[PDB]
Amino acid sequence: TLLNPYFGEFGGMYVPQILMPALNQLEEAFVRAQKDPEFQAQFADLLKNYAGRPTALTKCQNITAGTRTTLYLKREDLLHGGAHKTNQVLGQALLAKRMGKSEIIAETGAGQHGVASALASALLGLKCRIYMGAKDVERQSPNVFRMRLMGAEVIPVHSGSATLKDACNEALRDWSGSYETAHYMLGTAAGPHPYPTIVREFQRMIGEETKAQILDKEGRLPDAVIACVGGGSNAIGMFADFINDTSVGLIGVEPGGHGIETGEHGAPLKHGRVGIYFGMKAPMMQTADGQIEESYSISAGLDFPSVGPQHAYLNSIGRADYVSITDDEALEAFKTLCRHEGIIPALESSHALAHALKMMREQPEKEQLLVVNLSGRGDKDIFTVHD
């Protein structure tokens, strides 16, 4: 391979032999594309004139009153589609075409990556089929209609637990026989190389804009940038440009579900064991027997049973810290942002917000400049948060 497929001891390409040529061709396309000015221009243009970049950096006015915490929100909820997922699917779609691929395969848990793939597919003229855990399809009708409405074929999976992980498997199975004309548009910064690298590169404009925006508004880098971590795309998208700025803390928040001690959570990075699955070596939710488990969380979009290799690695070397936020904490941060800032956040992003609120409330006299990555809007969560 042209690039290193491992982050320390995490990463690799643990896929059936048949799929290696496909991965190698994908990495080649990516490397050349990255050096192709016509490609960058095309990508940038789509991000700006079609997606809505750059997104705003909103300073919270009421949320932090009475403390010395200055909170800013990176508004990815203002991205066409309603979430950060749009950034990278646009780039992967262009890559597909660069490779001459005509179809698009995608997996989706909550439906957000599905919708994002369908919209980029419709726009760029690619046939698109989405795999969704038969269970999820039924709990996410809205996103489903959206996907179909946009002309995508949504295929529900009943194999296994019929959830995200089982959808990820069907995508690889399908791709195993179709890598020929189809391209697998992975939804997060996980899976086999070069996806963790490609997805991060196609989501890195988040941190780059944030850095430029805060330097502009505050004249200094934040003390910490916080982001929820389902699979890691939004988090690494935000972190990337700040990694060399050692003074800047990087905090990833995994879903704590009903609570770690409860067992019902989705925090494998900090409470899972390294394993090999979905084409990568990384921490995950698995039985003592080595069977893969599901991540649990009030928010459907943070249920990837594993985490991205670069996050497991950034943690091990101590560059980034990872914490967890419980269902209730996320729910409280959801209500608090609505009532005091007039912004309905995705239940996913609420986890990141909740932690920032904790850092502030716990040490209210502590002077800190925090930036939370509002990965998405919560229109999708209106009903659930309603009950």
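So that there is no doubt, residue numbering starts at 1 and follows the sequence shown.
When the mean C-alpha temperature factors of 77-85 and 293-301 are read from the deposited coordinates, 293-301 comes out higher. Note on 228-236 vs 152-160: mean CA B-factor is higher in 152-160.
The residue among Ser306, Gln203, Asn169, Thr108 whose C-alpha atom has the highest B-factor in the PDB entry is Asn169.
Among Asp241, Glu264, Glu218, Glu209, the highest C-alpha B-factor recorded in the PDB entry belongs to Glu264. Ranked by C-alpha B-factor against the other modelled residues of its chain, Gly187 falls in the middle third. Annotation for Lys35: C-alpha temperature factor in the highest third relative to the rest of the modelled chain, per the entry. Per the deposited record, the Cα B-factor of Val199 falls in the lowest third when ranked against the other modelled residues of its chain.
The deposited CA B-factor of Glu365 belongs to the lowest third of values across its chain. In this PDB entry, the Cα temperature factor of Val372 sits in the bottom third of its chain's modelled residues, the lowest group.
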